Amino acid sequence: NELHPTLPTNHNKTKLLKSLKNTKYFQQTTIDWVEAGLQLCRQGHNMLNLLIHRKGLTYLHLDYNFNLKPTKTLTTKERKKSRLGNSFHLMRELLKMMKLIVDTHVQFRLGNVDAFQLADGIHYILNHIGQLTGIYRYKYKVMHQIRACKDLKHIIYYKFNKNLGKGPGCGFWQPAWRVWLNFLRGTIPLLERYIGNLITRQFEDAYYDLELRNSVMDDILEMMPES
Amino acid sequence: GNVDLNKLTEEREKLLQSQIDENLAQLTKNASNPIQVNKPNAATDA
Amino acid sequence: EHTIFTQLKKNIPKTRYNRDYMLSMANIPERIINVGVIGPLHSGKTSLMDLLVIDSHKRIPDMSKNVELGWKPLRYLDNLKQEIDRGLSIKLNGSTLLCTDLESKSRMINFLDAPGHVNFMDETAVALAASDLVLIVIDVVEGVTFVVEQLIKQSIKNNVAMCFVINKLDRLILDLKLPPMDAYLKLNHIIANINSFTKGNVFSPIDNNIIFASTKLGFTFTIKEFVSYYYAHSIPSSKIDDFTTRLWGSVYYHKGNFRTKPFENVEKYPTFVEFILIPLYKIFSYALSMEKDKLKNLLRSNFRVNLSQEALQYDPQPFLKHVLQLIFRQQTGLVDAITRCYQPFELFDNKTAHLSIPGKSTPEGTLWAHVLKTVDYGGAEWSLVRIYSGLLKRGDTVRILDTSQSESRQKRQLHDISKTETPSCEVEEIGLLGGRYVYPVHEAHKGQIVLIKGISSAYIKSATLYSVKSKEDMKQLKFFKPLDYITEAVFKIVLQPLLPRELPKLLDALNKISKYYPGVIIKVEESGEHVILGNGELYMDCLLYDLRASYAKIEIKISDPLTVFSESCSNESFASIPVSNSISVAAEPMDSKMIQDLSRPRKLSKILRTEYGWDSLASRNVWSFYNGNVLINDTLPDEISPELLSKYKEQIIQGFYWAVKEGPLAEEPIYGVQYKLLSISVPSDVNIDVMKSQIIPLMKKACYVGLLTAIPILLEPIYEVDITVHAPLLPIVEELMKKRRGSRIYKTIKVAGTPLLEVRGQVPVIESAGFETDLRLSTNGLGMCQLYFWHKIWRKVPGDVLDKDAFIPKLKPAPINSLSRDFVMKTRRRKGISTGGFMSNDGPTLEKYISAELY
Amino acid sequence: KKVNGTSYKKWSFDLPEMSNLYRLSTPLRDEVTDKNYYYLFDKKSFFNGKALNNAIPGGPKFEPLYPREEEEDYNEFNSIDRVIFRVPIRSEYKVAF
RNA sequence: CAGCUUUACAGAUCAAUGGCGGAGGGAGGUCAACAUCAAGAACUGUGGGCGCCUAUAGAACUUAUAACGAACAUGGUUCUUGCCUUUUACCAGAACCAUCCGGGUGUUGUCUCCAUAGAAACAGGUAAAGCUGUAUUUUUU
Ligand SMILES: Nc1nc2c(ncn2[C@@H]2O[C@H](COP(=O)(O)OP(=O)(O)OP(=O)(O)O)[C@@H](O)[C@H]2O)c(=O)[nH]1
């Protein structure tokens, strides 16, 4: 990273624009974060369904913890119909991940939980996506991120457990979280583009010689537009 | 990309007549190709 | 002519003092102090110089925000990419500053920033040569290290006035967190050490020689300066000197306006501690720790200095620095101290004699300058030259003499005691130092050091330039010696260029390197294997970078690093046998003390010999040594005193010289031998020239034979080794030392009031090869090693040369006796003396080596 | 007055609080700030290593960054029988100089 | 304990000259819109105020280098490994562009708190603030 830095310049952000000009974005409802997260999850669930509908309506159906699976009628034609894109899958995975973190928060907020457990849960989520859900099945540059997270976790655990304490109980989710955020940032724009494409579903070496031949011919034609 | 021929095209436009265009000689396969096609094919008529 | 000058002036920082005034001053000598700031590695001499520069100038260009604040140091005299990036000052880039004194007698100061890192003593040597006062700097913490002592010793040779700057008070205040009393004690100890290192003079804060400082935090002062600023309100003008005197030493102050009795009552904290160190401590503590308002109030009251509105909102370290600056004003105290130190011109004459033999000067009739260093200040090659007498105007055509052509010239002059000027030089432009610009000037003047642009073509490394107008003037003239570039090269490297289509380019670059870095014996060998003797690793690396990046820009192969070994014997010779195509000679190993003396009028010589090695009168009479290697050449048979054949020696010893230069074992020079002539069977028919020629080979052969007889050896050099470890990592260091072949720990010196075991040592230069890096890694970034060669200490390569069995492995290191030979063989191979991948050593002549020494 | 405001963009403290904060941190971010610790562990050093295809036992390794082409082919320079292998000449060195 | 400068002042003639300006706010906002981005900055050009400050706009050269951001993810093509044989999707290293994720700086406007004159000095008084001060050989006994 150090070796290859990156430069930006002039820009106008999206969120601010949305807040300002675009209806129907009314704004700044001071939500307890958990509620907001839940809402987002719900919306995510809705969106996938909508997308599916827009395509040929499938046999498969999502869980509210997003784990996509087929209802019934497992056939070749069906499979063909319902392969769709890896981008979509990635998005779904992301949503699931979000739910998992949000769900831990929710759990913490209600009973049958602890705060320590919350942190630990978060850590588990982040530092095991590889366990908890496959994005690594859909975009393998997630795998690098996952590896990094794992490494971080490893570093922490020796750092943490110099004393007699040894087991599942450990919070400190920060660097893993950061990594995940970075990954998301890396991935968002492409995902957004994909989504746009999906919605706008009605509206939009050695060939060189051939090209030359064509182009020249065209030029010639232009030159002589006679009888 | 296609710049080196533009001048040539322009020149062509300037020069030619309609009559000249009309009387462009329909071109003969100077590398007697169809004969060769005939001959190989006949040799290797399967 | 004028427009160009104006343009040049424009492309530069505008100074707080007037440049014109400075120039004017430079016309008049006694108003130009040439100072070389010189110290150990990372004393902070460059930093200090930067401070001075800052003080001088209105605004400096590259002086960014951070540097201004005081986080990063700004080294205004780093200049070059190498140096900026490296962290080391690496050449001699000084500057010229008009500075006022305590009592503002303006005086222009040619400051020169020498590098601290030992492998650049070359530069230090140059600085010394240039400078008539030498600002030694010291790290408080690391203390008076061996390096400092060495510098002092070598400065008392030069010779020069030694102003000391004890830099890094900040580190004892803040890092070591010494109690003020403890700090004072430490300082005292340091001073004592310095004094010990010195022979003649005594050094102390009183009498303006010490200058206490911390360049990180950016403040220097002398006691006197302090008194001037902040003890003139409280006392009358009559009892101020007395007060100052009282200030230093085992002296106390119990309540009494204005007495002050030596010793003592109830409470401790001496005068020094009381009126200086304690105050400093207070300042530090309030600057960091106190609420700001109170501090401000204090500063309004006690020091009469005002914190601005912005300055209150600085972060502690920067803030602290600012406070310090406010307190101790733009550093005139240092200047004052320097002035006090420099006699002046009692020493100056002596110094000049040392450089260029004793005699007498000639002002108006002829100008003479010491071309000291060639450098690359503004890209192009300049020459830093000290005009010693006369005045050198722009466009003047000037005589030149490289200090190779110096001794010879002197000899010629002596002999003399048609005109013949051997080379010349048109002086295209001249200017001042420096930092990041040459201030161009028409007139060079007797006293001032200046960069001249025409001077280069003829000379390399060091030189004497002059402009005589007569034969008498010429006769009067003396020539500077070559600079005793204290450390002396050892460390070898062999270059090839990767694509020898560009050998020429490499050669060109190599010349530049030789010029620009003057501690670089670059031998071009017979077999296309261009060689570079650096001081050491780091220096070599720097040079390589300069060459491979800037002065050449080619992919350039580089051998694993070697060293020059040299030829000497253990036992005496046993059979002087002549040679014919007729002299025989034989050599004895010299006494160690004598050798050491050599490393550092016939009757007089004899006396000296007697004093040294207990040599008899006959022995004294016989001798006639050469080269500064060292070897000694004795005319000790029976018949020679009656004979006039052995008379006329000047011719005879040419052969000996050659022999000394290029030995038998390796064509690698001879060392540490007392040669003795035993027979010179000259025939009846002379033909004198022919005879001389014969002798010239024959003598060499004889010498070789003698060496062979004497159980000869290759001598390795040894690096003397500083290591400044944290105490409990000394075992690690010891282990490391053990791990390699040659090495030794002479003395673990505990540094006063630190955790730093200054553990001096010896290491063979060969087995060094990045030793520093190894030391640092092992000792987890603790104990900066330093390797060096000031001593010119050689030693036996363990075991017996001339043994064909020797060793087992090719690729691996060889055992110690075995090694005795292996190096020799490899050296021979490198030279192009042996023939084959398997070979041996033996010396003709003759008679089958006397029938294999009679079986 | 210890910040710009509720925007929370610039912050500016006094000492004791800062000290306390530092103390609190100590367990977590005890990075040993003796600059020399990082000799052969600076970013620059790492970069150098990368461009030299060279390691440090602790440090990272890479794909070699230039075409790994030997074929020096044993000249009078860089022979076995000319140069002398007293020192092992580790990679540690190659990046440090 | 003396000096002049400034503030509060009392009533003066009131010129007079200077200052003060013929008065336009100061904060801050996870409020926007608009530019312009390493800090330079020399040097030249042109403004506005006195060999020189303050704005700009044109390159030189800088060191960037560690930190516009003590932050680090992702694309696209070309070269090169390697999966290999392929669609992604990639392993891991280059090159050059781009993509987000953040940021300042001023230009403005708007929303929440802190403000608050419409002009004073001359002549020296009162009160405070800011700096300057004991003759016997070289200055004034
Ligand atoms: N603690 C402390 N550090 C200092 C002091 N002076 C300088 N340094 C730091 O130590 C280093 C030495 O400063 P330099 O001026 O580069 O040392 P130098 O005199 O140039 O040494 P050479 O490179 O050999 O010439 C810098 O990184 C400084 O920040 C000091 O008084 N106290």
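Residues numbered from 1 in each chain as written, not as in the entry; some residues may be left out. Chains lettered and ligands numbered in written order. Part of a larger assembly, values for the part shown. Heavy atoms only, no water. Residues with missing side-chain atoms left out of burial classes, pairs and counts.

Visitor: Whenever I open this one, the overall build of chain C confuses me. Can you help?
Guide: Scanning chain C for helices and strands turns up 29 helices and 30 strands. Expected size for 855 residues packed as a compact globule is a radius of gyration near 29 Å; at 30 Å, chain C falls within 12% of this value. Taking the principal axes of the C-alpha coordinates as reference, chain C spans close to 95 × 65 × 60 Å. (Helix = DSSP H or I, 4+ residues; strand = E, 2+ residues; numbered from the N terminus. Rg over C-alpha atoms; globule rule 2.2 N^0.38 Å.)

Visitor: Is there a simple way to think about the overall build of chain A in this case?
Guide: A tally of helices and strands in chain A yields 9 helices and 0 strands. Ordering the α and β elements of chain A from the N terminus gives α-α-α-α-α-α-α-α-α. For chain A, whose C-alpha radius of gyration is 24 Å, the value lies well above the compact-globule estimate of 17 Å for 227 residues. For chain A, the spread of C-alpha atoms along the three principal axes comes to 95 × 50 × 45 Å.

Visitor: Please clarify how the arrangement of the chains should be interpreted in this entry.
Guide: Highest in contacts among the 3 pairs of chains that touch are chains C and D. What separates chain A from chain C at the closest point of their C-alpha atoms is a distance of 17 Å, and the two make no contact. In this assembly chain B lies apart from chain C, the nearest approach of their C-alpha atoms being 38 Å. (Contact = heavy atoms within 4.5 Å.)

Visitor: Could you clarify how one ought to interpret the packing of aromatic side chains in this entry?
Guide: The geometry of two aromatic rings is summed up by the distance between their centres and the angle between their planes. Seen from their ring centres, C:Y788 and C:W790 are 5.1 Å apart, and the 40° between their planes marks the pair as tilted. Between C:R386 and the ring centre of C:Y388, over which it is positioned, the NZ or CZ distance is 4.3 Å. (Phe/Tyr/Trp six-rings, centres within 6.5 Å; stacked < 30°, edge-to-face > 60°. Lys NZ or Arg CZ within 6 Å of the ring centre and 35° of its normal.)

Visitor: I'm lost on the packing of helix 5 (residues 115–127) of chain A against helix 7 (residues 141–160) of chain A in this one. Help?
Guide: A pair of packed helices can be characterised by two numbers: the angle between their axes and the separation between those axes. All names here are of chain A. Helix 7 packs onto helix 5 with a crossing angle of 140° between their chain directions and a minimal axis gap of 9 Å. With respect to each other, helix 5 and helix 7 are oriented oblique. Mapping the contact onto sequence places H123, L126 and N127 in helix 5 and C149, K153 and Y157 in helix 7. In terms of residue class, the contact of helix 5 with helix 7 is made up of 3 nonpolar, 2 polar and 1 charged. (Axes fitted to C-alpha atoms, helices over the stretch in contact; angles between N-to-C directions. Parallel < 35°, antiparallel > 145°, perpendicular 65-115°, else oblique. Nonpolar A, V, L, I, M, F, W, Y, C, P; charged D, E, K, R; others polar.)

Visitor: Sorry, what's going on with the interface of chain D and chain C here?
Guide: Where the parts come together, the accessible area they lose is often given as the size of the interface. Tallying the contact residues gives 24 residues for chain D and 38 residues for chain C. Of the residues forming the side of chain D that touches chain C, the biggest block, 3 residues, is contributed by helix 3 (residues 91–96) of chain D. Partitioned by chemical class, the residues of the side of chain D that touches chain C number 14 nonpolar, 3 polar and 7 charged.

Visitor: How do you make sense of the UniProt feature "domain: tr-type G" in chain C when you look at a structure like this?
Guide: UniProt annotation of "domain: tr-type G" refers to residues 30–237 of chain C when read in the numbering used here. Summarising residues 30–237 of chain C: 38% helix, 19% strand, and an end-to-end C-alpha distance of 28 Å. (UniProt positions renumbered as here; feature names shortened; annotations may be inferred.)

Visitor: Where do I start with the pattern of salt bridges in this structure?
Guide: Should the charged atoms of two oppositely charged side chains come close, the side chains can pair. A salt bridge links A:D63 to A:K69, with the shortest nitrogen-to-oxygen separation between them at 3.9 Å. Close ionic contact of C:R75 with C:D78 constitutes a salt bridge, the shortest N to O distance being 3.6 Å. (Salt bridge = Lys/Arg side-chain N within 4 Å of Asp/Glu carboxyl O.)

Visitor: So what exactly am I meant to see when it comes to the packing of helix 11 (residues 240–247) of chain C against helix 12 (residues 271–288) of chain C here?
Guide: All names here are of chain C. Running from N to C, helix 11 and helix 12 cross one another at 100°; their axes reach a closest spacing of 8 Å. Taken together, the axis directions place helix 11 and helix 12 in an arrangement best described as roughly perpendicular. Across the interface between the two elements, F243, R246 and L247 of helix 11 pack against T271, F272 and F275 of helix 12.

Visitor: Looking at this model, I keep getting lost on the side chain of C:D78. Mind explaining?
Guide: All names here are of chain C. Positionally, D78 belongs in the loop between helix 4 (65–69) and helix 5 (81–86). Polar contacts involving the side chain of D78 include one to the main-chain amide nitrogen of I84, which spans 3.4 Å. Not counting chain neighbours up to four residues away, the residues in contact with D78 comprise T46, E83, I84, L88, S89 and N93. (Polar contact = N/O pair within 3.5 Å; in protein donor to acceptor, adjacent residues only side chain to side chain.)

Visitor: I'm lost on the sheet that holds strand 24 (residues 673–680) of chain C in this one. Help?
Guide: Through backbone hydrogen bonds, the strands of a sheet pair up, either in parallel or in antiparallel fashion. Residue and element names in this part refer to chain C. If you trace the 3 strands from one edge of the open sheet to the other, you get 22-24-23, paired in mixed fashion. With one partner strand each, in any of the chains shown, strand 22 (583–589) and strand 23 (631–634) form the two edges of the open sheet. Sheet twist, expressed as the mean angle between neighbouring strand axes with direction ignored, is 25°. By the bridge criterion, 4 bridges tie strand 23 to strand 24 in an arrangement that is parallel. Directly across from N633, in strand 24, lies its bridge partner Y675. Helix 25 (residues 688–709) rests against strand 22, strand 23 and strand 24 of the sheet, and its axis sits at about 40° to strand 22. (Pairing = 2+ DSSP bridges.)

Visitor: Can you walk me through the sheet that holds strand 18 (residues 491–495) of chain C in this structure?
Guide: Residues and elements named next belong to chain C. Read across the open sheet, the 3 strands follow the order 19-18-20; overall the sheet is antiparallel. In this open sheet, the two strands that pair with only one neighbour each are strand 19 (530–534) and strand 20 (562–563). Inspection of the sheet shows strand 18 paired to strand 20 by 2 bridges, in the antiparallel sense. Paired with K492 across the bridge in strand 20 is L562. Of the strands in this sheet, strand 18 and strand 19 are in contact with helix 19 (residues 504–516), which crosses strand 19 at around 25°. This element, helix 20 (residues 537–551), spans strand 18 and strand 19 of the sheet and lies at about 25° to strand 18.

Visitor: Got a minute to help me understand unusual backbone geometry in this structure?
Guide: Leaving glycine aside, a negative phi is the common case for residues, and trans is the common case for peptide bonds. Residue and element names in this part refer to chain C. Between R259 and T260 the backbone carries a cis peptide bond, its omega angle lying at 10°. Within the fold, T260 resides in the loop between helix 11 and helix 12. The residue after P844, namely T845, is reached through a cis peptide bond having omega 10°. When you line up the elements, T845 lands in the loop between helix 28 (816–831) and helix 29 (847–854). Unlike most non-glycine residues, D207 shows phi in positive territory, near 70°. Examined against the element boundaries, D207 turns out to sit in the loop between helix 9 (180–197) and strand 6 (212–214). A positive phi angle, near 60°, is found at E853, a position not held by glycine. Position of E853 among the secondary structure elements: in helix 29.

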